[PDB]
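**Student:** This is my_file39.cif, which holds mmCIF, C-alpha atoms:
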data_target
#
loop_
_atom_site.group_PDB
_atom_site.id
_atom_site.type_symbol
_atom_site.label_atom_id
_atom_site.label_comp_id
_atom_site.auth_asym_id
_atom_site.auth_seq_id
_atom_site.Cartn_x
_atom_site.Cartn_y
_atom_site.Cartn_z
ATOM 1 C CA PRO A 1 -88.861 17.610 8.341
ATOM 2 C CA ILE A 2 -89.688 13.977 9.304
ATOM 3 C CA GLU A 3 -87.441 11.093 10.400
ATOM 4 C CA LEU A 4 -88.274 7.381 10.851
ATOM 5 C CA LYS A 5 -86.246 5.447 13.475
ATOM 6 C CA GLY A 6 -86.418 2.179 15.427
ATOM 7 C CA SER A 7 -86.214 2.121 19.223
ATOM 8 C CA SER A 8 -86.503 -0.208 22.182
ATOM 9 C CA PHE A 9 -89.225 0.576 24.749
ATOM 10 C CA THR A 10 -89.813 -1.166 28.045
ATOM 11 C CA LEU A 11 -93.549 -1.754 28.287
ATOM 12 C CA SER A 12 -95.658 -3.367 30.973
ATOM 13 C CA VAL A 13 -97.323 -6.557 29.793
ATOM 14 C CA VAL A 14 -100.351 -8.068 31.490
ATOM 15 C CA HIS A 15 -100.347 -11.783 30.937
ATOM 16 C CA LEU A 16 -103.877 -13.040 30.981
ATOM 17 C CA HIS A 17 -104.617 -16.711 31.826
ATOM 18 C CA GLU A 18 -107.757 -18.638 30.966
ATOM 19 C CA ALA A 19 -110.475 -17.671 33.521
ATOM 20 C CA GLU A 20 -114.098 -16.514 33.811
ATOM 21 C CA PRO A 21 -114.701 -12.891 32.744
ATOM 22 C CA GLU A 22 -115.686 -11.965 36.369
ATOM 23 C CA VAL A 23 -112.654 -13.755 37.842
ATOM 24 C CA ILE A 24 -110.388 -11.748 35.402
ATOM 25 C CA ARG A 25 -112.066 -8.453 36.500
ATOM 26 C CA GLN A 26 -111.587 -9.315 40.185
ATOM 27 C CA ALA A 27 -107.925 -10.292 39.662
ATOM 28 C CA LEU A 28 -107.232 -7.088 37.739
ATOM 29 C CA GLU A 29 -108.861 -4.928 40.491
ATOM 30 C CA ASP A 30 -106.915 -6.736 43.200
ATOM 31 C CA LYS A 31 -103.655 -6.162 41.272
ATOM 32 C CA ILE A 32 -104.418 -2.459 40.839
ATOM 33 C CA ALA A 33 -105.013 -2.138 44.635
ATOM 34 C CA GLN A 34 -101.863 -4.193 45.457
ATOM 35 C CA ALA A 35 -99.581 -2.330 42.997
ATOM 36 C CA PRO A 36 -101.156 1.168 42.437
ATOM 37 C CA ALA A 37 -97.891 2.846 41.390
ATOM 38 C CA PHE A 38 -97.360 0.269 38.568
ATOM 39 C CA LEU A 39 -100.953 -0.306 37.482
ATOM 40 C CA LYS A 40 -103.209 2.713 38.112
ATOM 41 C CA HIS A 41 -104.054 4.050 34.589
ATOM 42 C CA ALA A 42 -101.061 1.993 33.307
ATOM 43 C CA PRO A 43 -100.502 1.884 29.561
ATOM 44 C CA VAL A 44 -100.112 -1.894 28.927
ATOM 45 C CA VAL A 45 -99.617 -4.615 26.303
ATOM 46 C CA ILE A 46 -102.077 -7.505 26.836
ATOM 47 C CA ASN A 47 -100.556 -10.948 26.384
ATOM 48 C CA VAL A 48 -103.204 -13.511 25.343
ATOM 49 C CA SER A 49 -100.905 -16.510 24.871
ATOM 50 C CA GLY A 50 -102.311 -18.160 28.056
ATOM 51 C CA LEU A 51 -105.880 -17.943 26.742
ATOM 52 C CA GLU A 52 -107.749 -20.746 24.999
ATOM 53 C CA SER A 53 -109.627 -20.364 21.715
ATOM 54 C CA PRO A 54 -112.279 -19.111 21.127
ATOM 55 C CA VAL A 55 -111.625 -15.741 22.841
ATOM 56 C CA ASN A 56 -114.543 -13.264 23.233
ATOM 57 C CA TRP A 57 -112.454 -10.167 22.579
ATOM 58 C CA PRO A 58 -115.073 -7.390 22.652
ATOM 59 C CA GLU A 59 -116.014 -8.613 26.147
ATOM 60 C CA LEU A 60 -112.432 -9.021 27.402
ATOM 61 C CA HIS A 61 -111.436 -5.628 25.960
ATOM 62 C CA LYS A 62 -114.307 -3.878 27.826
ATOM 63 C CA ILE A 63 -113.305 -5.681 31.096
ATOM 64 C CA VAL A 64 -109.637 -4.629 30.881
ATOM 65 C CA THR A 65 -110.320 -0.966 29.936
ATOM 66 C CA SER A 66 -113.178 -0.827 32.541
ATOM 67 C CA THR A 67 -110.349 -1.060 35.090
ATOM 68 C CA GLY A 68 -108.454 1.943 33.677
ATOM 69 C CA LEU A 69 -105.653 0.057 31.949
ATOM 70 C CA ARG A 70 -104.879 1.560 28.563
ATOM 71 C CA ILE A 71 -104.274 -1.103 25.953
ATOM 72 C CA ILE A 72 -101.219 -0.280 23.779
ATOM 73 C CA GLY A 73 -101.471 -3.478 21.740
ATOM 74 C CA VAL A 74 -101.845 -7.272 22.093
ATOM 75 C CA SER A 75 -99.063 -9.885 22.095
ATOM 76 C CA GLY A 76 -99.000 -13.709 21.819
ATOM 77 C CA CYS A 77 -102.017 -13.930 19.553
ATOM 78 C CA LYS A 78 -102.019 -17.139 17.397
ATOM 79 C CA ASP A 79 -105.689 -17.561 16.674
ATOM 80 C CA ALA A 80 -106.680 -16.120 13.291
ATOM 81 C CA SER A 81 -110.267 -14.924 14.118
ATOM 82 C CA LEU A 82 -109.007 -13.408 17.358
ATOM 83 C CA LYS A 83 -106.575 -11.350 15.140
ATOM 84 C CA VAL A 84 -109.579 -10.152 12.992
ATOM 85 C CA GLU A 85 -111.498 -9.028 16.173
ATOM 86 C CA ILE A 86 -108.365 -7.161 17.378
ATOM 87 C CA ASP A 87 -107.813 -5.385 14.031
ATOM 88 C CA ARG A 88 -111.529 -4.394 13.915
ATOM 89 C CA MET A 89 -110.682 -2.114 16.876
ATOM 90 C CA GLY A 90 -107.448 -1.011 15.209
ATOM 91 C CA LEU A 91 -105.210 -2.253 18.040
ATOM 92 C CA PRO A 92 -101.663 -3.240 17.099
ATOM 93 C CA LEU A 93 -100.455 -6.804 17.498
ATOM 94 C CA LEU A 94 -96.974 -6.695 18.924
ATOM 95 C CA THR A 95 -94.021 -9.000 19.215
ATOM 96 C CA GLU A 96 -92.384 -9.285 22.620
ATOM 97 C CA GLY A 97 -88.613 -9.250 23.251
ATOM 98 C CA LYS A 98 -86.371 -10.172 26.221
ATOM 99 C CA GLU A 99 -87.759 -9.671 29.772
ATOM 100 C CA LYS A 100 -86.909 -6.201 31.146
ATOM 101 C CA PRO B 1 -105.123 -15.723 36.761
ATOM 102 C CA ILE B 2 -103.180 -12.501 35.956
ATOM 103 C CA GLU B 3 -99.432 -11.822 35.704
ATOM 104 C CA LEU B 4 -97.567 -8.489 35.398
ATOM 105 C CA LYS B 5 -94.213 -8.536 33.532
ATOM 106 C CA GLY B 6 -91.780 -6.099 31.898
ATOM 107 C CA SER B 7 -90.670 -6.525 28.287
ATOM 108 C CA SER B 8 -88.676 -4.823 25.568
ATOM 109 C CA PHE B 9 -90.540 -3.919 22.356
ATOM 110 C CA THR B 10 -89.058 -2.507 19.185
ATOM 111 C CA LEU B 11 -91.356 0.301 18.093
ATOM 112 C CA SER B 12 -91.218 2.639 15.131
ATOM 113 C CA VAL B 13 -90.691 6.247 16.151
ATOM 114 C CA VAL B 14 -91.529 9.181 13.909
ATOM 115 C CA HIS B 15 -89.295 12.073 14.777
ATOM 116 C CA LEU B 16 -91.065 15.280 13.986
ATOM 117 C CA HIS B 17 -89.063 18.486 13.320
ATOM 118 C CA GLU B 18 -90.341 22.039 13.557
ATOM 119 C CA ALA B 19 -92.323 22.801 10.340
ATOM 120 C CA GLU B 20 -95.638 24.196 9.074
ATOM 121 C CA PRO B 21 -98.647 21.902 9.632
ATOM 122 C CA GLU B 22 -99.074 21.495 5.808
ATOM 123 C CA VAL B 23 -95.357 20.802 5.286
ATOM 124 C CA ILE B 24 -95.573 18.042 8.015
ATOM 125 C CA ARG B 25 -98.631 16.488 6.250
ATOM 126 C CA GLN B 26 -96.833 16.513 2.885
ATOM 127 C CA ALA B 27 -93.660 14.975 4.371
ATOM 128 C CA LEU B 28 -95.664 12.253 6.109
ATOM 129 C CA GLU B 29 -97.560 11.390 2.861
ATOM 130 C CA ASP B 30 -94.324 11.292 0.882
ATOM 131 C CA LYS B 31 -92.776 8.949 3.486
ATOM 132 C CA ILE B 32 -95.797 6.639 3.386
ATOM 133 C CA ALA B 33 -95.512 6.431 -0.453
ATOM 134 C CA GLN B 34 -91.699 5.925 -0.295
ATOM 135 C CA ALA B 35 -91.816 3.266 2.469
ATOM 136 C CA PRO B 36 -95.333 1.641 2.313
ATOM 137 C CA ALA B 37 -94.269 -1.630 3.969
ATOM 138 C CA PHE B 38 -92.927 0.258 7.055
ATOM 139 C CA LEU B 39 -95.453 3.084 7.279
ATOM 140 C CA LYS B 40 -98.873 2.153 5.850
ATOM 141 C CA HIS B 41 -101.200 1.983 8.927
ATOM 142 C CA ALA B 42 -98.014 1.767 11.079
ATOM 143 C CA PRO B 43 -98.448 1.830 14.842
ATOM 144 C CA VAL B 44 -95.912 4.531 15.889
ATOM 145 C CA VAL B 45 -94.456 6.535 18.787
ATOM 146 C CA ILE B 46 -94.285 10.267 17.932
ATOM 147 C CA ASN B 47 -91.090 11.974 19.048
ATOM 148 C CA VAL B 48 -91.648 15.718 19.637
ATOM 149 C CA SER B 49 -88.171 16.592 20.922
ATOM 150 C CA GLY B 50 -87.372 18.465 17.652
ATOM 151 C CA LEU B 51 -90.441 20.690 18.032
ATOM 152 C CA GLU B 52 -90.447 24.183 19.511
ATOM 153 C CA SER B 53 -92.865 25.381 22.190
ATOM 154 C CA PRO B 54 -95.746 26.164 21.999
ATOM 155 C CA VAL B 55 -96.996 23.013 20.201
ATOM 156 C CA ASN B 56 -100.613 22.940 18.889
ATOM 157 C CA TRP B 57 -101.217 19.296 19.752
ATOM 158 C CA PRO B 58 -104.884 18.832 18.794
ATOM 159 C CA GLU B 59 -103.941 20.054 15.299
ATOM 160 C CA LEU B 60 -100.755 17.973 14.997
ATOM 161 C CA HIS B 61 -102.538 14.869 16.328
ATOM 162 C CA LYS B 62 -105.298 15.191 13.669
ATOM 163 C CA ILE B 63 -102.620 15.640 10.918
ATOM 164 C CA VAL B 64 -100.660 12.518 11.925
ATOM 165 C CA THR B 65 -103.723 10.232 12.342
ATOM 166 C CA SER B 66 -105.267 11.713 9.117
ATOM 167 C CA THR B 67 -102.428 9.861 7.367
ATOM 168 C CA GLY B 68 -103.299 6.480 8.924
ATOM 169 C CA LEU B 69 -100.470 6.296 11.444
ATOM 170 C CA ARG B 70 -101.687 4.955 14.768
ATOM 171 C CA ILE B 71 -100.185 6.843 17.675
ATOM 172 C CA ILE B 72 -99.004 4.462 20.445
ATOM 173 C CA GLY B 73 -97.649 7.255 22.640
ATOM 174 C CA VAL B 74 -95.420 10.366 22.548
ATOM 175 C CA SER B 75 -91.720 10.595 23.458
ATOM 176 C CA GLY B 76 -89.306 13.508 24.083
ATOM 177 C CA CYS B 77 -91.924 15.801 25.556
ATOM 178 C CA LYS B 78 -90.406 18.453 27.925
ATOM 179 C CA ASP B 79 -92.999 21.178 27.767
ATOM 180 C CA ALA B 80 -95.466 21.010 30.663
ATOM 181 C CA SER B 81 -98.650 22.305 28.883
ATOM 182 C CA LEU B 82 -97.904 20.051 25.925
ATOM 183 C CA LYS B 83 -97.977 17.125 28.475
ATOM 184 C CA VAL B 84 -101.460 18.313 29.710
ATOM 185 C CA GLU B 85 -102.804 18.390 26.069
ATOM 186 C CA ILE B 86 -101.408 14.856 25.501
ATOM 187 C CA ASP B 87 -102.952 13.445 28.709
ATOM 188 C CA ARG B 88 -106.329 15.064 27.826
ATOM 189 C CA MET B 89 -106.440 12.513 24.969
ATOM 190 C CA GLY B 90 -105.183 9.759 27.269
ATOM 191 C CA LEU B 91 -102.066 9.029 25.192
ATOM 192 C CA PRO B 92 -99.072 7.610 27.053
ATOM 193 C CA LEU B 93 -95.821 9.534 27.282
ATOM 194 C CA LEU B 94 -92.997 7.106 26.743
ATOM 195 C CA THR B 95 -89.298 6.964 27.389
ATOM 196 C CA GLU B 96 -87.089 5.834 24.526
ATOM 197 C CA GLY B 97 -84.200 3.349 24.832
ATOM 198 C CA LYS B 98 -81.249 2.361 22.593
ATOM 199 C CA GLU B 99 -81.718 2.542 18.781
ATOM 200 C CA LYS B 100 -82.971 -0.779 17.350
#
Kindly return the structure encoded in the file as structure tokens.
**Tutor:**
Amino acid sequence: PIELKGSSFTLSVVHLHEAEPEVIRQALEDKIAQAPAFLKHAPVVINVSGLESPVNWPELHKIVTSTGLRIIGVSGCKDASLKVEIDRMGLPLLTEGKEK
Amino acid sequence: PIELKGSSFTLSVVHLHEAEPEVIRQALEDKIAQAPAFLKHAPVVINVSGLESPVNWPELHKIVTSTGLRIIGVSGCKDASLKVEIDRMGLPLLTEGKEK
């Protein structure tokens, strides 16, 4: 009645780099206008490896979703208390594979 | 400030087969007890290709999440009104790749 399998999926990953909350919002909006086919309502993994601790995750989360991007999970997290904040929302942490 | 990339992820996929709502719940619980490491709170893609139209998605959704599985997206959907019901929740439809 129920079967558990592994599978490869090709997901879009938004690599965030250290910047002011308003600069991030602006950059995301500009990218959605530039690439509407790829980014309008896009389900995405958020890569936070380019961010510097401490990350204000409730704020960043609200900025990303405010743009319509649907956050699948978060990759590149090393910081322990950033992990706690991500789990509090119940978002998966994910491990990336080869570029696709 | 922001970079868009493609990447491969290996996600767990729960292949659902046509069965009574209560039989599905039972099977999911048994699988969580059998394989707790792989399935307790597991983020998962739900494959509905083994299901027969019409699917009662609000009901099935509530049964799957009731067990603690976190639904990443849904794969194998062909039925058009099942797609509508899935989008109403804002869940991504996903395309599977090679077994991993």
**Student:** Tell me which residues come within 12 Å of (-113.5, -9.9, 38.7), as a list in words, counting all atoms listed in the file in the file's coordinates.
**Tutor:**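 Here the neighbourhood of the point contains residues 19, 20, 21, 22, 23, 24, 25, 26, 27, 28, 29, 30, 31, 32, 60, 63, 64, 66 and 67 of chain A; 1 and 2 of chain B.
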**Student:** Would you put the residues from that selection into a file with C-alpha atoms, as a PDB file, in the coordinates of the input?
**Tutor:**
ATOM      1  CA  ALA A  19    -110.475 -17.671  33.521  1.00  0.00           C
ATOM      2  CA  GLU A  20    -114.098 -16.514  33.811  1.00  0.00           C
ATOM      3  CA  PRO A  21    -114.701 -12.891  32.744  1.00  0.00           C
ATOM      4  CA  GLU A  22    -115.686 -11.965  36.369  1.00  0.00           C
ATOM      5  CA  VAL A  23    -112.654 -13.755  37.842  1.00  0.00           C
ATOM      6  CA  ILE A  24    -110.388 -11.748  35.402  1.00  0.00           C
ATOM      7  CA  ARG A  25    -112.066  -8.453  36.500  1.00  0.00           C
ATOM      8  CA  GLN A  26    -111.587  -9.315  40.185  1.00  0.00           C
ATOM      9  CA  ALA A  27    -107.925 -10.292  39.662  1.00  0.00           C
ATOM     10  CA  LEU A  28    -107.232  -7.088  37.739  1.00  0.00           C
ATOM     11  CA  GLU A  29    -108.861  -4.928  40.491  1.00  0.00           C
ATOM     12  CA  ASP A  30    -106.915  -6.736  43.200  1.00  0.00           C
ATOM     13  CA  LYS A  31    -103.655  -6.162  41.272  1.00  0.00           C
ATOM     14  CA  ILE A  32    -104.418  -2.459  40.839  1.00  0.00           C
ATOM     15  CA  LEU A  60    -112.432  -9.021  27.402  1.00  0.00           C
ATOM     16  CA  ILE A  63    -113.305  -5.681  31.096  1.00  0.00           C
ATOM     17  CA  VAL A  64    -109.637  -4.629  30.881  1.00  0.00           C
ATOM     18  CA  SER A  66    -113.178  -0.827  32.541  1.00  0.00           C
ATOM     19  CA  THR A  67    -110.349  -1.060  35.090  1.00  0.00           C
TER      20      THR A  67
ATOM     21  CA  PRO B   1    -105.123 -15.723  36.761  1.00  0.00           C
ATOM     22  CA  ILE B   2    -103.180 -12.501  35.956  1.00  0.00           C
TER      23      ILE B   2
END
**Student:** Identify all chain A residues at most 9 Å from chain B by counting all atoms listed in the file; ligands do not count. Present them as an NGL selection string.
**Tutor:** :A and (1-19 or 23-24 or 27-28 or 31 or 42-43 or 70 or 72-73 or 90-92 or 94-100)
**Student:** On this file, the PyMOL selection byres ((chain A and resi 79) around 9) gives some set of residues; write that set as a short mmCIF file (atom, residue, chain, number, x, y, z; two decimals) with C-alpha atoms, in the coordinates of the input.
**Tutor:**
data_model
loop_
_atom_site.label_atom_id
_atom_site.label_comp_id
_atom_site.auth_asym_id
_atom_site.auth_seq_id
_atom_site.Cartn_x
_atom_site.Cartn_y
_atom_site.Cartn_z
CA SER A 53 -109.63 -20.36 21.72
CA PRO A 54 -112.28 -19.11 21.13
CA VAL A 55 -111.62 -15.74 22.84
CA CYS A 77 -102.02 -13.93 19.55
CA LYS A 78 -102.02 -17.14 17.40
CA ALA A 80 -106.68 -16.12 13.29
CA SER A 81 -110.27 -14.92 14.12
CA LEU A 82 -109.01 -13.41 17.36
CA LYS A 83 -106.58 -11.35 15.14
#
**Student:** Suppose you want the space between CA of residue 87 in chain B and CA of residue 57 in chain B; what is it in Å?
**Tutor:** 10.8 Å
**Student:** Present chain B as a PDB file with C-alpha atoms, in the coordinates of the input, least-squares fitted onto chain A over all of its C-alpha atoms paired in order.
**Tutor:**
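Result file part23.pdb:
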ATOM      1  CA  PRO B   1     -88.861  17.610   8.342  1.00  0.00           C
ATOM      2  CA  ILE B   2     -89.688  13.978   9.304  1.00  0.00           C
ATOM      3  CA  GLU B   3     -87.441  11.093  10.400  1.00  0.00           C
ATOM      4  CA  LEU B   4     -88.274   7.381  10.851  1.00  0.00           C
ATOM      5  CA  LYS B   5     -86.246   5.448  13.475  1.00  0.00           C
ATOM      6  CA  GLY B   6     -86.417   2.179  15.427  1.00  0.00           C
ATOM      7  CA  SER B   7     -86.214   2.122  19.223  1.00  0.00           C
ATOM      8  CA  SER B   8     -86.502  -0.208  22.182  1.00  0.00           C
ATOM      9  CA  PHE B   9     -89.224   0.575  24.748  1.00  0.00           C
ATOM     10  CA  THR B  10     -89.813  -1.166  28.045  1.00  0.00           C
ATOM     11  CA  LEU B  11     -93.548  -1.754  28.288  1.00  0.00           C
ATOM     12  CA  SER B  12     -95.658  -3.367  30.972  1.00  0.00           C
ATOM     13  CA  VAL B  13     -97.322  -6.556  29.792  1.00  0.00           C
ATOM     14  CA  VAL B  14    -100.350  -8.068  31.490  1.00  0.00           C
ATOM     15  CA  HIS B  15    -100.347 -11.783  30.937  1.00  0.00           C
ATOM     16  CA  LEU B  16    -103.877 -13.040  30.982  1.00  0.00           C
ATOM     17  CA  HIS B  17    -104.617 -16.711  31.825  1.00  0.00           C
ATOM     18  CA  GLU B  18    -107.757 -18.638  30.966  1.00  0.00           C
ATOM     19  CA  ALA B  19    -110.476 -17.671  33.522  1.00  0.00           C
ATOM     20  CA  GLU B  20    -114.098 -16.514  33.811  1.00  0.00           C
ATOM     21  CA  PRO B  21    -114.701 -12.891  32.744  1.00  0.00           C
ATOM     22  CA  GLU B  22    -115.686 -11.965  36.370  1.00  0.00           C
ATOM     23  CA  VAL B  23    -112.654 -13.755  37.842  1.00  0.00           C
ATOM     24  CA  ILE B  24    -110.389 -11.749  35.401  1.00  0.00           C
ATOM     25  CA  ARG B  25    -112.066  -8.453  36.500  1.00  0.00           C
ATOM     26  CA  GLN B  26    -111.587  -9.315  40.185  1.00  0.00           C
ATOM     27  CA  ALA B  27    -107.924 -10.292  39.662  1.00  0.00           C
ATOM     28  CA  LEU B  28    -107.233  -7.087  37.739  1.00  0.00           C
ATOM     29  CA  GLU B  29    -108.861  -4.928  40.491  1.00  0.00           C
ATOM     30  CA  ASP B  30    -106.914  -6.736  43.199  1.00  0.00           C
ATOM     31  CA  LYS B  31    -103.655  -6.162  41.272  1.00  0.00           C
ATOM     32  CA  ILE B  32    -104.418  -2.460  40.839  1.00  0.00           C
ATOM     33  CA  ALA B  33    -105.013  -2.138  44.635  1.00  0.00           C
ATOM     34  CA  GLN B  34    -101.863  -4.193  45.457  1.00  0.00           C
ATOM     35  CA  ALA B  35     -99.581  -2.330  42.998  1.00  0.00           C
ATOM     36  CA  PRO B  36    -101.157   1.168  42.437  1.00  0.00           C
ATOM     37  CA  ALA B  37     -97.891   2.846  41.390  1.00  0.00           C
ATOM     38  CA  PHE B  38     -97.360   0.269  38.568  1.00  0.00           C
ATOM     39  CA  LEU B  39    -100.953  -0.306  37.483  1.00  0.00           C
ATOM     40  CA  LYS B  40    -103.210   2.713  38.112  1.00  0.00           C
ATOM     41  CA  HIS B  41    -104.053   4.050  34.589  1.00  0.00           C
ATOM     42  CA  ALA B  42    -101.061   1.993  33.307  1.00  0.00           C
ATOM     43  CA  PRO B  43    -100.501   1.884  29.562  1.00  0.00           C
ATOM     44  CA  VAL B  44    -100.112  -1.893  28.926  1.00  0.00           C
ATOM     45  CA  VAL B  45     -99.617  -4.615  26.303  1.00  0.00           C
ATOM     46  CA  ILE B  46    -102.077  -7.505  26.836  1.00  0.00           C
ATOM     47  CA  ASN B  47    -100.556 -10.947  26.384  1.00  0.00           C
ATOM     48  CA  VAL B  48    -103.205 -13.511  25.343  1.00  0.00           C
ATOM     49  CA  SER B  49    -100.905 -16.510  24.872  1.00  0.00           C
ATOM     50  CA  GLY B  50    -102.311 -18.160  28.056  1.00  0.00           C
ATOM     51  CA  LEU B  51    -105.880 -17.943  26.742  1.00  0.00           C
ATOM     52  CA  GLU B  52    -107.749 -20.747  24.999  1.00  0.00           C
ATOM     53  CA  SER B  53    -109.627 -20.364  21.715  1.00  0.00           C
ATOM     54  CA  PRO B  54    -112.280 -19.111  21.127  1.00  0.00           C
ATOM     55  CA  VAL B  55    -111.625 -15.741  22.841  1.00  0.00           C
ATOM     56  CA  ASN B  56    -114.544 -13.264  23.233  1.00  0.00           C
ATOM     57  CA  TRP B  57    -112.454 -10.167  22.579  1.00  0.00           C
ATOM     58  CA  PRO B  58    -115.074  -7.390  22.652  1.00  0.00           C
ATOM     59  CA  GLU B  59    -116.015  -8.613  26.147  1.00  0.00           C
ATOM     60  CA  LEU B  60    -112.433  -9.021  27.402  1.00  0.00           C
ATOM     61  CA  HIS B  61    -111.435  -5.628  25.960  1.00  0.00           C
ATOM     62  CA  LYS B  62    -114.307  -3.879  27.827  1.00  0.00           C
ATOM     63  CA  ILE B  63    -113.305  -5.681  31.096  1.00  0.00           C
ATOM     64  CA  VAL B  64    -109.638  -4.630  30.881  1.00  0.00           C
ATOM     65  CA  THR B  65    -110.320  -0.966  29.937  1.00  0.00           C
ATOM     66  CA  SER B  66    -113.179  -0.827  32.542  1.00  0.00           C
ATOM     67  CA  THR B  67    -110.349  -1.060  35.090  1.00  0.00           C
ATOM     68  CA  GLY B  68    -108.453   1.944  33.677  1.00  0.00           C
ATOM     69  CA  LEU B  69    -105.653   0.057  31.950  1.00  0.00           C
ATOM     70  CA  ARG B  70    -104.879   1.561  28.563  1.00  0.00           C
ATOM     71  CA  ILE B  71    -104.274  -1.102  25.953  1.00  0.00           C
ATOM     72  CA  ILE B  72    -101.219  -0.280  23.779  1.00  0.00           C
ATOM     73  CA  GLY B  73    -101.472  -3.478  21.739  1.00  0.00           C
ATOM     74  CA  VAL B  74    -101.845  -7.272  22.093  1.00  0.00           C
ATOM     75  CA  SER B  75     -99.063  -9.885  22.095  1.00  0.00           C
ATOM     76  CA  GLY B  76     -99.001 -13.709  21.819  1.00  0.00           C
ATOM     77  CA  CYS B  77    -102.017 -13.930  19.553  1.00  0.00           C
ATOM     78  CA  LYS B  78    -102.018 -17.140  17.397  1.00  0.00           C
ATOM     79  CA  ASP B  79    -105.689 -17.561  16.673  1.00  0.00           C
ATOM     80  CA  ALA B  80    -106.680 -16.120  13.291  1.00  0.00           C
ATOM     81  CA  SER B  81    -110.268 -14.924  14.117  1.00  0.00           C
ATOM     82  CA  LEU B  82    -109.007 -13.408  17.358  1.00  0.00           C
ATOM     83  CA  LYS B  83    -106.576 -11.350  15.140  1.00  0.00           C
ATOM     84  CA  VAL B  84    -109.579 -10.152  12.992  1.00  0.00           C
ATOM     85  CA  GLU B  85    -111.498  -9.028  16.173  1.00  0.00           C
ATOM     86  CA  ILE B  86    -108.365  -7.161  17.379  1.00  0.00           C
ATOM     87  CA  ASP B  87    -107.813  -5.385  14.031  1.00  0.00           C
ATOM     88  CA  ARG B  88    -111.530  -4.394  13.915  1.00  0.00           C
ATOM     89  CA  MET B  89    -110.682  -2.114  16.876  1.00  0.00           C
ATOM     90  CA  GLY B  90    -107.448  -1.012  15.208  1.00  0.00           C
ATOM     91  CA  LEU B  91    -105.210  -2.252  18.039  1.00  0.00           C
ATOM     92  CA  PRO B  92    -101.663  -3.239  17.099  1.00  0.00           C
ATOM     93  CA  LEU B  93    -100.455  -6.804  17.498  1.00  0.00           C
ATOM     94  CA  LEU B  94     -96.974  -6.695  18.925  1.00  0.00           C
ATOM     95  CA  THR B  95     -94.021  -9.000  19.215  1.00  0.00           C
ATOM     96  CA  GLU B  96     -92.383  -9.285  22.620  1.00  0.00           C
ATOM     97  CA  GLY B  97     -88.613  -9.250  23.251  1.00  0.00           C
ATOM     98  CA  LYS B  98     -86.371 -10.172  26.221  1.00  0.00           C
ATOM     99  CA  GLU B  99     -87.759  -9.670  29.772  1.00  0.00           C
ATOM    100  CA  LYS B 100     -86.909  -6.201  31.146  1.00  0.00           C
TER     101      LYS B 100
END
**Student:** Report, in Å to a single decimal, how far apart CA of residue 89 in chain A and CA of residue 74 in chain B are.
**Tutor:** 20.5 Å
**Student:** Enter the distance from CA of residue 85 in chain B to CA of residue 58 in chain B, in Å, rounded to one decimal.
**Tutor:** 7.6 Å
**Student:** Around all of range 61-79 of chain A's listed atoms, make the axis-aligned box with 3 Å on each side and tell me centre and edge lengths in Å to one decimal, as JSON.
**Tutor:**
{"center_x": -106.7, "center_y": -7.8, "center_z": 25.9, "size_x": 21.3, "size_y": 25.5, "size_z": 24.4}
**Student:** Ranking A:62, A:51, A:56, A:88 by minimum distance to residue 76 in chain A and counting all atoms listed in the file, which one comes first?
**Tutor:**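 Of A:62, A:51, A:56, A:88, the one nearest residue 76 in chain A is A:51, counting all atoms listed in the file.
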